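To start, the structure itself, in structure tokens.
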Amino acid sequence: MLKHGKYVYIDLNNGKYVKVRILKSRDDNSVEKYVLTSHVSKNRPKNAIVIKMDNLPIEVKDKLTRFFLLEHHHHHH
């Protein structure tokens, strides 16, 4: 609505993708504020734009992790 947030998917690549709302805040400046939700879709999109986890901040990845992933292999150690 009014061009502020777009929905893209994060390339979790783990069999599911998370539908992330990227708040493009041109009003802010040009900073893309990432949504706090980790809503995953079963759908692995080809047409939609996927952004890899590598681009996502530590807290966003943490939310992804604590919700659906729960992976702790070599992180924090």
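Here's how to read the names in the structure tokens: chain A, B, ... by the order shown, residue numbers from 1 in each chain, ligand numbers from 1 in the order shown.
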
Distance query residue 13 of chain A at most 12 Å, only C-alpha atoms, self and fewer than 6 positions along chain excluded, as a short mmCIF file (atom, residue, chain, number, x, y, z; two decimals) with C-alpha atoms, in the first residue's frame:
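Final output, saved to out_20.cif:
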```
data_model
loop_
_atom_site.label_atom_id
_atom_site.label_comp_id
_atom_site.auth_asym_id
_atom_site.auth_seq_id
_atom_site.Cartn_x
_atom_site.Cartn_y
_atom_site.Cartn_z
CA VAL A 40 7.66 -19.61 5.67
CA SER A 41 6.06 -20.85 2.56
CA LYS A 42 6.41 -24.41 1.19
CA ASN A 43 6.76 -22.81 -2.15
CA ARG A 44 10.16 -22.50 -3.67
CA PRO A 45 9.72 -19.56 -6.07
CA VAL A 50 14.92 -14.34 -3.58
CA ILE A 51 17.46 -12.77 -1.30
CA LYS A 52 20.02 -15.04 0.28
CA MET A 53 20.34 -15.35 4.14
CA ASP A 54 23.83 -13.83 3.80
CA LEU A 69 15.07 -23.80 11.57
#
```

Could you name the residues that touch residue 36 of chain A at 10 Å or less, counting only C-alpha atoms, but leaving out those on the same chain fewer than 3 positions away, as a JSON list (two decimals) with C-alpha atoms, in the first residue's frame?
```json
[["chain", "number", "residue", "atom", "x", "y", "z"],
["A", 20, "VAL", "CA", 9.79, -11.47, 3.89],
["A", 21, "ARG", "CA", 8.37, -8.03, 3.74],
["A", 22, "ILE", "CA", 11.04, -5.60, 2.78],
["A", 33, "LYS", "CA", 13.98, -2.32, 6.93],
["A", 39, "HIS", "CA", 6.47, -16.80, 7.90],
["A", 59, "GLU", "CA", 18.71, -10.70, 14.37],
["A", 60, "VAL", "CA", 16.61, -11.45, 11.31],
["A", 61, "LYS", "CA", 18.52, -14.69, 10.83],
["A", 63, "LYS", "CA", 14.28, -15.01, 14.19],
["A", 64, "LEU", "CA", 14.35, -17.33, 11.19]]
```

**Report entry** Backbone-only DSSP, strand (DSSP E) members of chain A, as a list in words
**Finding:** residues 5, 6, 7, 8, 9, 10, 11, 17, 18, 19, 20, 21, 22, 23, 24, 25, 31, 32, 33, 34, 40, 41, 50, 51 and 52 of chain A

Limited to C-alpha atoms, could you put the picked residues into a file as an mmCIF file, in the first residue's frame?
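Result file is out-v2.cif:
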```
data_model
loop_
_atom_site.group_PDB
_atom_site.id
_atom_site.type_symbol
_atom_site.label_atom_id
_atom_site.label_comp_id
_atom_site.auth_asym_id
_atom_site.auth_seq_id
_atom_site.Cartn_x
_atom_site.Cartn_y
_atom_site.Cartn_z
ATOM 1 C CA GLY A 5 6.775 -2.755 1.588
ATOM 2 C CA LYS A 6 7.348 -5.464 -0.941
ATOM 3 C CA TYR A 7 7.172 -9.142 -0.411
ATOM 4 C CA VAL A 8 10.081 -11.197 -1.562
ATOM 5 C CA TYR A 9 11.464 -14.497 -0.404
ATOM 6 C CA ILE A 10 14.601 -15.288 1.449
ATOM 7 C CA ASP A 11 16.703 -18.028 -0.012
ATOM 8 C CA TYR A 17 11.426 -20.105 1.726
ATOM 9 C CA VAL A 18 10.412 -17.316 3.992
ATOM 10 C CA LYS A 19 8.182 -14.604 2.724
ATOM 11 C CA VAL A 20 9.791 -11.466 3.886
ATOM 12 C CA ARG A 21 8.370 -8.025 3.743
ATOM 13 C CA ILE A 22 11.039 -5.598 2.776
ATOM 14 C CA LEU A 23 10.169 -2.163 3.881
ATOM 15 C CA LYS A 24 11.786 0.129 1.463
ATOM 16 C CA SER A 25 11.852 3.290 3.300
ATOM 17 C CA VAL A 31 17.240 1.932 3.908
ATOM 18 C CA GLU A 32 15.488 -1.358 3.646
ATOM 19 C CA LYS A 33 13.984 -2.324 6.935
ATOM 20 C CA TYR A 34 13.387 -6.000 7.163
ATOM 21 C CA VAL A 40 7.657 -19.610 5.666
ATOM 22 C CA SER A 41 6.057 -20.855 2.559
ATOM 23 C CA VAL A 50 14.917 -14.342 -3.580
ATOM 24 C CA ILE A 51 17.458 -12.772 -1.301
ATOM 25 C CA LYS A 52 20.023 -15.042 0.284
#
```

Query raised in the report: If you run DSSP on the backbone, which residues of chain A are alpha helix (DSSP H), as a count of residues only?
Result: 7

**Report entry** Closest of A:57, A:68, A:14, A:3 to residue 38 of chain A - atom-to-atom distances counting only C-alpha atoms
**Finding:** A:68

Report task. Would you mind telling me which residue in A:27, A:2, A:49, A:37 lies nearest to residue 65 of chain A when using only C-alpha atoms? Result -> A:37

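As for atom CA of residue 70 of chain A and atom CA of residue 16 of chain A, they are spaced 13.8 Å apart.
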
Query - Separation of atom CA of residue 55 of chain A from atom CA of residue 12 of chain A, in Å and rounded to one decimal - result: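 Value for the atom CA of residue 55 of chain A-atom CA of residue 12 of chain A distance: 11.3 Å.
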